[PDB]
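> just the first chains of my complex for now:
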Amino acid sequence: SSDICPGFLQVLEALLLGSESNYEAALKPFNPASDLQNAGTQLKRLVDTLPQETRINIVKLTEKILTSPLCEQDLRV
C-alpha cells in the first residue's frame, strides 16, 4: 500500500544504504531549511560508520513495522 510514500522510502533506502550524494539528492524534492538539511548530514555519517550488514538490518527493521497489521491499518477498506 502507497502509505509508504515513495519519497519517504526513497531517502531511508539511502540514509541507511547509499552515498552522501544518494542522500543529499534523495532530499532535494523536499527543499529543507539548510539548518535542517545539515542535521541530516550529521546523521548520515554515524549511519555510514556501521557495517553493511548492521545497516542492512536497519532497512529490514523498518520493513518489519511497515508491513504488519499494526501499520497497514483498515480504516474503511
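Thanks, I have the structure now. Residues are numbered from 1 along each chain as shown, chains lettered A, B, ... in the order given.
> contacts and neighbour counts: CA atoms only from here.
Fine.
> any idea how far residue A:41 lies from residue A:48?
11 Å (C-alpha to C-alpha, to the nearest Å).
> tell me which other helices or strands whichever helix or strand residue A:47 is part of touches.
Following DSSP states H and E, the helix or strand that holds residue A:47 is helix A:34-49. On a contact count with 3 or more C-alpha pairs under 8 Å, 6 or more residues apart in numbering; DSSP states H and E, helix A:34-49 meets helix A:20-27.
> how far off helix A:34-49 does the helix it packs on point, in degrees?
Relative orientation of helix A:20-27 versus helix A:34-49 (axes from the mean of the first three to the mean of the last three C-alpha atoms, to 10 degrees): 140 degrees.
> okay, now chain B:
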Amino acid sequence: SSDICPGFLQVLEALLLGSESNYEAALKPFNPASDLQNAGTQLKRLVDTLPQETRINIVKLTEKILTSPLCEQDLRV
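Chain B, in position alongside the others:
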C-alpha cells in the same frame, strides 16, 4: 492523515529522542527477530551520541517530508 502509522511515528519519536527503554519498548508491538532487534539497538547508540538539538532537527527533518504534497498524496481523495 493516518498514513503516519502511529506505531511507526512512535519508535522514531523515540529512537531520535527517548531512552533505551523508550526504544526497546516502542518496539515490542512488532516482535522483531532478535538479530533484527539487536541491529536496532546498535543504531539507538550513535543517535544517542548527537546533541539534543541535532537529534531534534532529525525529528523536524522527518516532519518536513511527511507533510508535503509529495508524501500526503491524492489517490482518489
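> and what packs on helix A:34-49, now that chain B is in?
Using 3 or more C-alpha pairs under 8 Å, 6 or more residues apart in numbering or on different chains; DSSP states H and E, the elements in contact with helix A:34-49 are helix A:20-27, helix B:34-49, helix B:52-65.
> any chance of those in TSV, plus distance to residue A:6 and mean neighbour count?
Listed next are the helices and strands packed on helix A:34-49 as TSV, based on distance: least, C-alpha to C-alpha, whole Å; neighbours: other C-alpha atoms under 10 Å in any protein chain shown:
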stretch	distance to residue A:6	mean neighbour count
helix A:20-27	11	16
helix B:34-49	23	17
helix B:52-65	11	17
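> any chance of TSV for the ones you listed, columns distance to residue A:72?
Listed next are the helices and strands packed on helix A:34-49 as TSV, based on distance: least, C-alpha to C-alpha, whole Å:
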stretch	distance to residue A:72
helix A:20-27	24
helix B:34-49	20
helix B:52-65	19
